[PDB]
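Residue numbers (this note's numbering), protein chains in the order written: chain P, 179 to 232; chain V, 3 to 508; chain B, 540 to 1051; chain R, 14 to 120; chain W, 179 to 232; chain A, 238 to 291; chain S, 1325 to 1352. Using N, Cα and C, we set each Cβ at its ideal position, and we do this for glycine too.
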Amino acid sequence: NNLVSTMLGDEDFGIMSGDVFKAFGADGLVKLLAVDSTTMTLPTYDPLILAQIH
Amino acid sequence: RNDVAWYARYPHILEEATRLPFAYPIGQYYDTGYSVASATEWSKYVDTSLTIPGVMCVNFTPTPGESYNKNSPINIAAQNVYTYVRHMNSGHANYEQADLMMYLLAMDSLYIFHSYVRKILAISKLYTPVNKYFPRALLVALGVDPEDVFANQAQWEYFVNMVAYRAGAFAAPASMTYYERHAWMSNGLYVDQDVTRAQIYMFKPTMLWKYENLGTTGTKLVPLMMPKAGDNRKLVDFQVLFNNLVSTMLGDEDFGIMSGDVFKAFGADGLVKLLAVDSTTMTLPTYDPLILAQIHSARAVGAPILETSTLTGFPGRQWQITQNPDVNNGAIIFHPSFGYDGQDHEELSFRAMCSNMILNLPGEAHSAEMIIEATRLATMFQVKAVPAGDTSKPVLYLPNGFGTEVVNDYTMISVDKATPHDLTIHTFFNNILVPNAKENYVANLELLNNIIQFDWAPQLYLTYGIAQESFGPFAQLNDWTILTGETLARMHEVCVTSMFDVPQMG
Amino acid sequence: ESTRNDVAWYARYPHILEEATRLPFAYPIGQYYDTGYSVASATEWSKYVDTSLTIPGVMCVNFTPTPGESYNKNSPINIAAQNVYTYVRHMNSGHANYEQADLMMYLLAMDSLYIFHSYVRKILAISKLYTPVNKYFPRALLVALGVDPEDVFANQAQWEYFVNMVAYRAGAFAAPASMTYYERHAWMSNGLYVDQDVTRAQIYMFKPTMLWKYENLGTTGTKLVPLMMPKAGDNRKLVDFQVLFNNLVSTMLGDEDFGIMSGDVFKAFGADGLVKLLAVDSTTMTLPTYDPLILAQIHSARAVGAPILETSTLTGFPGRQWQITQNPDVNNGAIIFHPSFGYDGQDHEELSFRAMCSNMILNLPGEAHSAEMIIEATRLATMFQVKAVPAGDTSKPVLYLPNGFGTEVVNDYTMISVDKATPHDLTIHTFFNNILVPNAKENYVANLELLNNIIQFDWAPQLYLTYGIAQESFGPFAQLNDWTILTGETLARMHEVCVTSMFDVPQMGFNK
Amino acid sequence: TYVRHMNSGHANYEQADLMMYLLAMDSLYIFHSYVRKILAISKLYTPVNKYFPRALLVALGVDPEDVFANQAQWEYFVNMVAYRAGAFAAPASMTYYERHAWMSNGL
Amino acid sequence: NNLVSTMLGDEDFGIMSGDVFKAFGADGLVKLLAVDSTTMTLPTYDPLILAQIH
Amino acid sequence: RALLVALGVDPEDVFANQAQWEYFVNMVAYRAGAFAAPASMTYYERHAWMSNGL
Amino acid sequence: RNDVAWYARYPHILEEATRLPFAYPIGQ
């Protein structure tokens, strides 16, 4: 609530959000992931992550 | 041995001894008579009366759902609908997001008024010999003089058709299920059971929202009180209420600009459609188990506070949806105080609503849609409103959240057991005070027996004057649960979000 | 679903709907539940906020087995006595040392033995019922029948073998199996009945208030006097029920006329035509069933009050004790059972019995009603007809004479619930259909609590509530569906039909 | 997680209240197995083994004449223990209960 | 009796019993089977029991 | 539990209040997902790659 | 015009209002 206090129900942020929606189409926006009791992530092996952690 | 039964050896004896008249018409007083003929010496100790009620009207008020700041669900909804309308109406628009949302709320109050007068018109056709409450008790519960509707049928039909023609000239999105929900509640007759001598549930708006654009300090939706049951209001009063409702919208330039913008954004197949009415138009009482489940868990919040309300110690607590641009960063604001009963005193029955509610359902398996529809008319108090002053006669409460409508009252219409056996109007909350007088205990018992005739009737919380003690939920429970304010607030915050929802542009 | 289509936000956001509406719905009944406060500062209003929630579990209907208002020779029990004496004595070559009413009072004394066996085998079968979803089982049912629930636990083998030995000693007497009188009283008093066929359902029972104890006179005749059964708070052990059975069959096993009549009924009806009380074992459990006829007659049940004993003191009514008598010198040698109703157990007027002096309402489920449904729904209904005339100048109680009653009458009802105050133990409330509420502040919320406990039961008896502050009664406190006003002659005709049907024997040659 | 969250359970207890309830149920099951072993032992008589059943009954801590003279009361007490244990619920697929029953019921 | 004393009157045990009952069903619960007059245990040979006794 | 301690959350709160946590994260996705952002920017995709992977 | 009778439009009302017990036993 401290993060989105100045954005939820705000007119200027809604104007900018609608403009990004019209410029980049709905298939070209970011998609947040839903979560249920089925949702779990498994530890994967990524050598690109390890090289920049190093 | 023969081993044939006695009832099979003489079936005529059994069929003659058990021929009884059933299906007594309701709407009619019945005297049972005496089994001990000498018992007329006991005057009131022998109750020979039998009155069946027919109408319980749920008196409601449409709300946006407890706006405190700009992060409210109605302000997020205003943002989304203004982004949709603005990026479909390429050009120069002067209104804000909140002017558009307040236009949408005033449109909702218009649609509720149109379905209200259309229900007044469509009830008056209803006749059946086995229910004598049709149609006069349903018209008394809606606050109209029933003889005025019969004597002036063409003027009434013209008035409701012109309400549909005028109020139907402003566009509103039918993708919002808010309007569809109020149309579902506000022009339907609902039986408590799927029988012919069933009892009728109705929804009548207690108040509606009048637009009231003022000065430069935004807009401010103010209450417009509807006729209460027992008022014999005529067509001229409903015409005055209509003209008071659309005084600031008919032939207005800004409302026409917003209406044309909603028309261009949401197409003509995606707007709401008001229903026409003729002499052929009539509504029949249907069986809807979704209506009964939320009538069951309904909790009445009290009377709306107006400017002319004289709350001692509570100034400025009148119910109003405000849009001041210098206050709360120009956010739509609505947070009413509850527990007002029309008078300037304490109303100690509202203390009985300070416990956790019971959510009761039929069956043993409950769907999530079923659970969330059964909680739509429920409203639990959370804290007490702070008295500003030295003394305070009333006690007000603040909820944790409420849905798209709150219940104000219920009105039960039954027949009088004394001659000439005319209708009786009883208005009550979920809470009921019984003060210490002899004329209150048997009357309260009559009212409780009248309420338990209604199948999924709201749960009662009685209190007694000399006992200083409230009794809990007077209702038959089947498969219940105890709700807290946070769970119901989560459900309210979900349902206010779902009702004001529009799609995207792609 | 009239005009509501959907919201369609719940379909594309079903997970938010799922974790927004995740509630527990299956509370085990049998214990107290505190709701809590919505407004947390409402503890300053002590009793003005009700946070208590008590569901009741058991309503026991306390009944008396009756022959059905015999006051002359044209009674149904006297016509049945003439039929059974014609079949046993004349159609089969029977003995000639007894009369037509001796047989019928023997056959009425056998029904008390059968009701006693059904009662103790219900006590035995209840004590093995334990459920997580119902914490009333089995202690509330055992308390409502009047036993110590720990005595049936700690002496289960002695209880079971006592039930079996009662069924074995009942074989020394003979009674015909095709009398549906015995079958009806057994089917009523053996059985737990749910009110709406759910998991956490409410339970209806039938317990005898009293039984008929056979008293042998000289040449004066033959009587059947009440033997009182234990009430719902008595905590009676096995020794009390053994004493009750031993003075129930005391004057029966040593009587020579009962031996002659037992051998006569045995050789008239055969061995396979007799009533057999079947033996139970360690795996015999009763279960709660759903019977809409039982609920139909519980709903239209009218209590008649306490039985009048010979030790009962009633000013102005000296000789009104309940008894099935027979004197060959009095009333042409007819069986006479003509009881006064409206007794509450005290020497004063139960002021609420005035509210039972209006015509009853026969309420039924559905919209179509069979003849058998109407004849079964009126079985426990008993309307008053006239005041009994008091002897002398003054009289404290007010007694009532009916216009016919069925093959059993209801004396009262007993409801078992949990207490709303700590330690939330079981509470026993005994009440008639009429309930008096005296002018005192402690009785109003008590009566309202009793009303809310009663409306939990589905086909509950209709109540009549007299308020002493108002000098006024309110009528039938019930939800009505498809009802009719019933007068005394209609109920009398239905009672005559059922008592004639209950005492009929189809084993006989009567209308082959 | 399974009782409270996967099935819609009540929220007035915690994760350790459930497990201590389920641990208290095992003592009831061990007690029923113990008294039914006491009951089943007392009917074992063999010519080739004169320890039966008095040594087994002494080793369990009972009076071997009390189980003889009160056999019906002992059996119906075992059955009533199994009947009153049905007032509480515990899952059958925990092999904890099955192991303790299989150990304490058996010679 | 003092094993089940604090168990049958406890309200939390009643709630937890109903919860385990509705979660695991009725056939998923532990049933202590009833004995009768002809139920005799017999000595058996189990080499796992001897393996853990040793 | 170690992965929850490293993220700064009381682990028992996530187990005891699983439905409230699921509702909170789904409403964060519903609210924050109402503002558009370009998925052609691989900045968001990189932070999503780093920030919800084990 | 419809010209159907009231008793043919609501026969259930007529059959419910006239269900009376007859054939009372004599001797009583």
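How about residue i and residue j: do their beta carbons lie closer than 9 Å?
i	j	result
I484 of chain V	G575 of chain B	yes
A1017 of chain B	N950 of chain B	no
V151 of chain V	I122 of chain V	yes
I837 of chain B	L731 of chain B	no
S311 of chain V	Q320 of chain V	yes
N1020 of chain B	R893 of chain B	no
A818 of chain B	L903 of chain B	no
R1343 of chain S	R21 of chain V	yes
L52 of chain V	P1015 of chain B	yes
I76 of chain V	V496 of chain V	no
Could you tell me which chain W residues have their CB closer than 8 Å to the CB of residue i, listed as they occur along the chain?
i	result
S821 of chain B	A212, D214
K959 of chain B	Here the premise fails: no neighbours, minimum Cβ distance about 14 Å.
Under three-state DSSP, which class holds residue i?
i	result
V80 of chain R	helix
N673 of chain B	strand
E1340 of chain S	helix
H968 of chain B	strand
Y47 of chain V	coil
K746 of chain B	strand
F202 of chain W	helix
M643 of chain B	helix
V417 of chain V	strand
Ignore the nearest five residues each way along the sequence and tell me which others in residue i's own chain have a CB closer than 8 Å to its CB.
i	result
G22 of chain R	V16
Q506 of chain V	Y86
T282 of chain V	none
Is any heavy atom in the ligand HEM found nearer than 8 Å to the beta carbon of residue i?
i	result
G1007 of chain B	This structure lacks the ligand HEM; in fact it carries no ligand of any kind.
List the residues of chain A whose Cβ lies closer than 8 Å to the Cβ of residue i, in chain order.
i	result
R561 of chain B	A256
Could you list which residues in chain W have their beta carbon closer than 9 Å to that of residue i, in chain order?
i	result
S106 of chain R	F202, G206
Which residues in chain P sit within 7 Å of residue i, going by Cβ to Cβ distance?
i	result
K72 of chain V	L186, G187, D188
In chain S, what lies closer than 8 Å to residue i by C-beta?
i	result
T1039 of chain B	Simply none; closest approach about 10 Å.
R1032 of chain B	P1345, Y1348, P1349
Apart from the five residues just before and just after residue i, which ones in its own chain have a Cβ nearer than 6 Å to its Cβ?
i	result
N631 of chain B	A807
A581 of chain B	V588
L140 of chain V	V57, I125
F456 of chain V	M58, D194, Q201
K72 of chain V	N331, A333
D233 of chain V	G145
Quick one: which chain R residues come within Cβ less than 7 Å of residue i?
i	result
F261 of chain A	The premise fails here: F261 of chain A is roughly 15 Å from chain R at the closest Cβ pair, so nothing lies under 7 Å.
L226 of chain W	Within chain R, no residue comes near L226 of chain W; the closest Cβ sits about 10 Å away, beyond 7 Å.
So with CB distances below 9 Å, who are the chain A contacts of residue i?
i	result
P221 of chain P	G290, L291
Ordered along the chain, which non-local residues of its own chain (more than five positions away) have a Cβ less than 7 Å from that of residue i?
i	result
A1031 of chain B	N942, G943
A648 of chain B	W751, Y753, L763, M791
In chain B, which residues lie with their C-beta within 8 Å of the C-beta of residue i?
i	result
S195 of chain W	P567, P671
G487 of chain V	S577
Report the neighbours of residue i on chain S: residues whose CB is nearer than 9 Å to its CB, in chain order.
i	result
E18 of chain V	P1345, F1346, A1347, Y1348
* Segment contact, 8 Å Cβ cut-off, at least three pairs: the stretch 397–412 of chain V with the stretch 61–75 of chain V -> As far as the Cβ criterion goes, the stretch 397–412 of chain V touches the stretch 61–75 of chain V, which means the pair count is three or higher.
* Is the stretch 611–624 of chain B close to the stretch 694–701 of chain B, with three or more CB pairs under 8 Å? -> no
* Do the stretch 980–991 of chain B and the stretch 875–889 of chain B meet, that is, are 3 or more Cβ pairs less than 8 Å apart? -> With a cut-off of 8 Å, the stretch 875–889 of chain B and the stretch 980–991 of chain B do not count as touching, because too few Cβ pairs lie within range.
* Is the stretch 867–874 of chain B touching the stretch 952–963 of chain B in the sense that three or more CB pairs, one from each, lie closer than 8 Å? -> no
* Does the stretch 247–263 of chain V touch the stretch 93–102 of chain V, meaning 3 or more C-beta pairs lie closer than 8 Å? -> Under the 8 Å Cβ criterion, the stretch 93–102 of chain V counts as touching the stretch 247–263 of chain V, having at least three qualifying pairs.
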